[PDB]
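Both blocks below hold the same protein chain, though in two forms, and each is given as structure tokens: structure 1 and structure 2.
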Structure 1
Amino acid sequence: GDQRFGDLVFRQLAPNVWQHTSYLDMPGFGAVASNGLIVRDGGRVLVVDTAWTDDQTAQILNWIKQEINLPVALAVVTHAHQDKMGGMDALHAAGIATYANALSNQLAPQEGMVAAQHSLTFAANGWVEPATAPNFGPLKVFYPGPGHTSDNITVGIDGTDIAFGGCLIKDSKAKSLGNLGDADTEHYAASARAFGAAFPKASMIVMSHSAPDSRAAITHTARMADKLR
């Protein structure tokens, strides 16, 4: 029951939650998928992660316009790499307020990305400092520690069973942790387990590069990351 709009695929996960999937056309290689989320919060919409490109990101917004027809209040993007912040200019062109870890914003130039307009900061226990995430509705933002990158954050959707691991979590049948070029191999396993512990009741785990999985994705990612040490 998936829907396509241009280059994007949408899947409804819950009454008020959809997964957006965008594809990098990677000369000579297969299209590479990356997933994010769209959340309807009463009379507004909230977005987690851009698509790979600005053009693809404008497609997300147009699909929202057509299928949900509520204003998009804000987006949270989950680290400074192309699949998560590639479409920043498109969000800003559309007048969507954007939030990212302060560290994502600092790293953004050196990663080729455009910084968000607002910086999230985090306590020692990983939870976002609430003053930096005003009016986030059901979005619960958690920094689990360095793993896939030093800046990677995660989001839980209150009132649902869903939590989003972004590129930190890989699916439970995975044979590898994907792109480790900017990874913290020492702390990765702890950071994956911290995500699990922050959202103990989530039973649907959404991630960047596989279809939604159960909590098995968390423990399997940790067990793989254990061997990086």
Structure 2
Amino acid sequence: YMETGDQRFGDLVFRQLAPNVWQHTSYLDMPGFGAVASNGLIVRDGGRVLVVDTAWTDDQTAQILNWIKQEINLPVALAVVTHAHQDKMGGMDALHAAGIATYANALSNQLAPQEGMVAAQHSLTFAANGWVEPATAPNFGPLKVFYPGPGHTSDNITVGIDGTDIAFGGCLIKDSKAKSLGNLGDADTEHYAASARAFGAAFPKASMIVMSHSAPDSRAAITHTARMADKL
């Protein structure tokens, strides 16, 4: 397949990362930071779609689904949400209104309501090696869900996509050229370096790491993240 150009649809941008995979990107102006990109994933598996997180708001999340209707036109079977923050969870209401089953780390679930956000309907749990208990993850298809341990946040979870060299660190992995690890308030600084490495180990073949706030990087984002994290 030939590279097609990145599609502007409403306030959203969609970059195709593979034949079955797209990155959705949405923006919100934060008080001093200007307009802040947030990335997510859309994944076409056979005759159904899977979504990785939401946009900043219920309204942009609705735009995402309209985009899926127009450009793909297959039912969205479910969404997985990688940690609790307005950028990942702020569109839960939109998903619930559309009838879509939502999953999050059991911990993201306990946390969201306090954050003033809507929880996912379903709670994922993980084995000691960090792969999801398959009982709690019905038919996730190509989606491979992994909990590295307490990270940047205690709830961060991550995912790769079978069939591809793609893997999504979310809030955990930072740009290879990053000057800081950013906000450590919910971070576990003892385990942060370990978490970055477990993630890399979990997805050893992944050549494309999709970042929460920036353009997908190579594995260098991981090693760079782990090292910065060893300063703590």
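Throughout, residue numbering runs from 1 along the sequence of structure 1. Superpose the two forms; the largest set of C-alphas matching within 1.5 Å is the rigid core.
A displacement of less than 2 angstroms separates the C-alpha positions of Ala31 between the two structures, with the rigid core held in common. Summarising the core-aligned comparison between the two structures, the C-alpha atom of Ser176 is found to shift 1.3 Å.
For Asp54, the CA shift between the two structures after superposing the rigid core equals 0.5 Å.
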